[PDB]
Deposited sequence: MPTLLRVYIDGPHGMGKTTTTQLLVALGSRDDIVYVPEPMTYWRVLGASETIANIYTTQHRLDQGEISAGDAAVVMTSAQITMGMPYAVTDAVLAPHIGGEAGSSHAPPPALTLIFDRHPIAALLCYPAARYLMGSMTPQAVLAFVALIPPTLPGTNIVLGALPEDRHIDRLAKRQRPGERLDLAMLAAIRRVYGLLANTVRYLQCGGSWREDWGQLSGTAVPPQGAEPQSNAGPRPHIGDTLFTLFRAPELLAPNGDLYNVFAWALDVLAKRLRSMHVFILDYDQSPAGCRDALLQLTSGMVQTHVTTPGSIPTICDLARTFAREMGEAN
């Protein structure tokens, strides 16, 4: 069976992810952000909706709970194209290519399902607009990590990123620096959690508070009072959700892209990170054509 190489460009927004990633593509397909689904298809102006709710809450115009139903609902719309894409792609993915020949196909996904199912929801809770239980519901629904999941997260100084973000302002966005901090922190903890997990870290054994300290992983976010029994013990439901987060993240292949550089530079770098990524076999002869079409139809229909 021929091999496929899937790469998921992810990280905080405003770092130049999309720009540099189309820049290297345009055997290689680029799956963009489902902007059309966000703005029109699934609902109208989801982005605007998200940034507006926060602001009304920020300004005391709504309660933390109103911001939460809207926020939760919006996050459902946000990752819908990602959930179906993973779901349909899942059967075609086989085991890792002996890592391997040039892959018969390279998919450049602009973000992975975890952004909408884990990262953004976490950021919003850190922003006071999502319940830690809603977040934990998103985690529980995270699809099993298919082999060959290479996530490229980005690295960029804060003030440089604020400069860059001043422009990557999706339709109806608000330059919220606290959200930028929250999301940077969330993607930071995540890079740390993957390592902690890959280095043998056990959240249940470390809960009591080489490899990162549990206090520097996503597990810290869930020491939320809402998640605890009157005796301080995490409820089992929530603990089982942390077990899921743990097995979904431990098999993901993480790579870092320093965005503090020129477009051709960021782009070159990304082409560099490619040599250590895990590729896989497709399950059928028709997998490559069918995957290629999938990717081209997503772009065509939802890219904006």
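- Query: Which residue ranges of the deposited sequence are not present in the modelled coordinates?
  - Reply: Several regions go unmodelled: 27 to 31, 105 to 106, 217 to 234, 330 to 331.
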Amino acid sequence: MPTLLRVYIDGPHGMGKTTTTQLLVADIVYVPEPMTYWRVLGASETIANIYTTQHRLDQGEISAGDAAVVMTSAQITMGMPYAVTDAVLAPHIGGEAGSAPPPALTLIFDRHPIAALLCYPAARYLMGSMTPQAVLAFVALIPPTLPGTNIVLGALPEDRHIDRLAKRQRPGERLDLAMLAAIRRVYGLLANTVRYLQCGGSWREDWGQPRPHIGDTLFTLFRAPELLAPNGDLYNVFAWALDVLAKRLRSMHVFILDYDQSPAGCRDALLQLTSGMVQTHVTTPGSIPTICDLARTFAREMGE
From here on, numbers count along this sequence of modelled residues.
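Take the two forms, find the largest set of C-alpha atoms that superpose within 1.5 Å, and that set is the rigid core.
- Give, as the answer, the stretch of 184 to 192 and 210 to 218 that departs more from the shown form in 8 other deposited structures of this protein; the measure is RMS Cα distance after a core fit. After the core superposition, the stretch with higher RMS deviation in 8 other deposited structures of this protein is 210 to 218.
- So which moves more in 8 other deposited structures of this protein by CA, 142 to 150 or 226 to 234, given a superposition on the core? If we average over structures and residues in 8 other deposited structures of this protein, the farther stretch is 226 to 234.
- Item | Check: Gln133 without coordinates in a third or more of other entries | Modelled in all the others, so no.
- Message: One third of the other compared structures is the cut-off here: is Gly94 left unmodelled in that many or more?
- Response: Residue status for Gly94: no gap in any other entry.
- For the C-alpha atoms alone, is the average B factor greater in 240 to 248 or in 51 to 59, going by the entry? On average, C-alpha B-factors are higher across 51 to 59.
- Message: When the Cα temperature factors in the entry are averaged, is it 111 to 119 or 165 to 173 that ends up higher?
- Response: So the stretch with the higher mean C-alpha B-factor is 165 to 173.
- Task: Name the one of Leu41, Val254, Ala67, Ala269 with the greatest CA B-factor according to the PDB entry.
- Result: The record points to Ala269.
- Per the PDB entry, which option out of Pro210, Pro225, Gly201, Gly188 has the greatest Cα B factor? Each of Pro210, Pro225, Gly201, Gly188 was compared by C-alpha B-factor; the highest is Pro210.
- Task: Ordered by C-alpha B-factor within the chain, which third holds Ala299? Give me lowest, middle or highest, please.
- Result: CA B-factor rank for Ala299: lowest third.
- Query: What third of its chain's C-alpha B-factors does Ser99 belong to: lowest, middle or highest?
  - Reply: Highest third of the chain for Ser99's C-alpha B-factor.
- Task: Could you say whether, by C-alpha temperature factor, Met80 belongs to the lowest, middle or highest third of its chain?
- Result: Bottom third by C-alpha B-factor.
- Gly148: which third of its chain by C-alpha temperature factor? As the PDB entry reports it, the C-alpha B-factor of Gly148 lands in the lowest third of its chain.
- Entry-reported Cα temperature factor of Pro91, expressed as the chain third it lands in: Answer is highest: the recorded C-alpha B-factor places it there.
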